[PDB]
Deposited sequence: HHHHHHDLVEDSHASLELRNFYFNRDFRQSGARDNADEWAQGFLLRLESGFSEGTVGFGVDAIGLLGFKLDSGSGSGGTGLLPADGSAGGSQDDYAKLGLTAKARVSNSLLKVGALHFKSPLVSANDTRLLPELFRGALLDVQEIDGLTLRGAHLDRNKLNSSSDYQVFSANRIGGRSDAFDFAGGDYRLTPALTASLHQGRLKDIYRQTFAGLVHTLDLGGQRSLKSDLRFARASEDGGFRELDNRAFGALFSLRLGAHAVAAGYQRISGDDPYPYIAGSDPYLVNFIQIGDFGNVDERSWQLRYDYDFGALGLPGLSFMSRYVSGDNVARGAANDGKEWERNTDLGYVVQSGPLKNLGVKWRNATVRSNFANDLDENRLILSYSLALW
């Protein structure tokens, strides 16, 4: 019986987040501070029997400040399954080259709309979405979209894309989408994974955007290259990014851009910006400290447009230090410290600390 299949096969978890966030400006008059507690209840039902299985997911968000992020929200999502392909309608949170929901604050950004994931066929995975609302990570209400830096107003985002495995090691991607009445963007990607005794990942990105509808003329191009070398417990990555045209890298305001040099604070997607990144990771497991992690990265950008000049420059340093409790009562309890420093000649200098204490508990 259907209703009961929904429950019998359902799963659920609760996540607790305690979150401290600090922004210190070099213009101290813009210094923000926040201490908050969040709760996230995730409910995923099973599917009703048949060719097309139906189900329902829910996500409950509660946040309050401790000193916006003072709210409660429940988002429903109807779903429909055939073979291994999935359609969702309602509240959405997913990642893709042209649109990615953010979850780096207390509570996640959500979109409203329809998302369709077609199961991998012959090495090919197709995805598509129609979105019509954005709910910023820090707020409870759904609003229409605008574009980062660029502005505009839009009540529809659409995209379709394919990810194709040319071989087991090489994946090619092509996504096309539109933020209605603001911009159109197309993305092509190539990713090579070399697994030896140790690994090298090569990630190439190219995206072009222009205006849509009656929006002011818009021209942007963004090329990215990221090479990530895994060497035992060590990892080093080098990234290169170049933004071109009259306009900066467009994306839905509030969301995450798919730029290889997008980091804790900056996207390095300013007009004409050229940037390079070095990144290091160490996993302390082999050493005997499973659960301890460290990450450090640096990005330097130049060629940024300042009026008719191109002498804008910036750099940002990030450091992540994190520990997950491995055993005992408090098992799965995780603490993470994210520290960022930014300096530029076209924006304000900033130091930022994020401290996140998180605990996840399976209900069933």
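Visitor: Where the model has no C-alpha, note the corresponding stretch of the deposited sequence, numbering from 1.
Guide: Coordinates drop out over 1 to 2, 29 to 30, 72 to 91, 222 to 223.
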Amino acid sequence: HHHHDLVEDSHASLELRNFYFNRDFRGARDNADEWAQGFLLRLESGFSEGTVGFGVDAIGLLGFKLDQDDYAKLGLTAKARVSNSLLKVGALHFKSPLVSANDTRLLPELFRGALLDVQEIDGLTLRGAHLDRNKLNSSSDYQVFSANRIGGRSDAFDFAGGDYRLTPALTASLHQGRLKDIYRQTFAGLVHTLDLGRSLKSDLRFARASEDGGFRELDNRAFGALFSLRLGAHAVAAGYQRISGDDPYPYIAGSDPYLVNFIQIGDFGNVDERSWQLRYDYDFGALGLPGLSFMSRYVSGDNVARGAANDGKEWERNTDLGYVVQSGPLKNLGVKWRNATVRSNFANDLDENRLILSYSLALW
From here on, numbers count along this sequence of modelled residues.
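Visitor: Do the CA atoms of 130 to 138 or those of 236 to 244 have the higher mean B-factor in the entry?
Guide: For C-alpha atoms only, the mean B-factor is higher in 130 to 138.
Visitor: Which is higher on mean Cα B factor in this entry, 202 to 210 or 75 to 83?
Guide: The stretch with the larger mean CA B-factor is 75 to 83.
Visitor: Quick one: which of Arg338, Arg297, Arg26, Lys313 has the biggest Cα B-factor according to the entry?
Guide: That would be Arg26, according to the entry.
Visitor: Among the candidates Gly177, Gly269, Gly224, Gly197, give the one with the maximum CA B-factor reported in the record.
Guide: Answer, based on the entry's C-alpha B-factors: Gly197.
Visitor: Looking at the entry's B-factor column for C-alpha atoms only, identify whether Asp256 ranks in the lowest, middle or highest third of its chain.
Guide: As the PDB entry reports it, the C-alpha B-factor of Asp256 lands in the lowest third of its chain.
Visitor: Based on the deposited C-alpha B factors for this chain, I'd like to know if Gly90 is in the lowest, middle or highest third.
Guide: Its C-alpha B-factor belongs to the middle third of this chain's values.
Visitor: Sorting the chain's CA B-factors, does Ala169 end up in the lowest, middle or highest third?
Guide: Within its chain, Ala169 is a highest-third residue by C-alpha B-factor, going by the deposited values.
Visitor: For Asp158, return the chain-relative third of its C-alpha B-factor as stated in the PDB record: lowest, middle or highest.
Guide: Its C-alpha B-factor, which the entry lists for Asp158, ranks in the lowest third among residues of this chain.
Visitor: Thinking about Cα B factors across the chain, which third does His192 belong to?
Guide: Its C-alpha B-factor belongs to the middle third of this chain's values.
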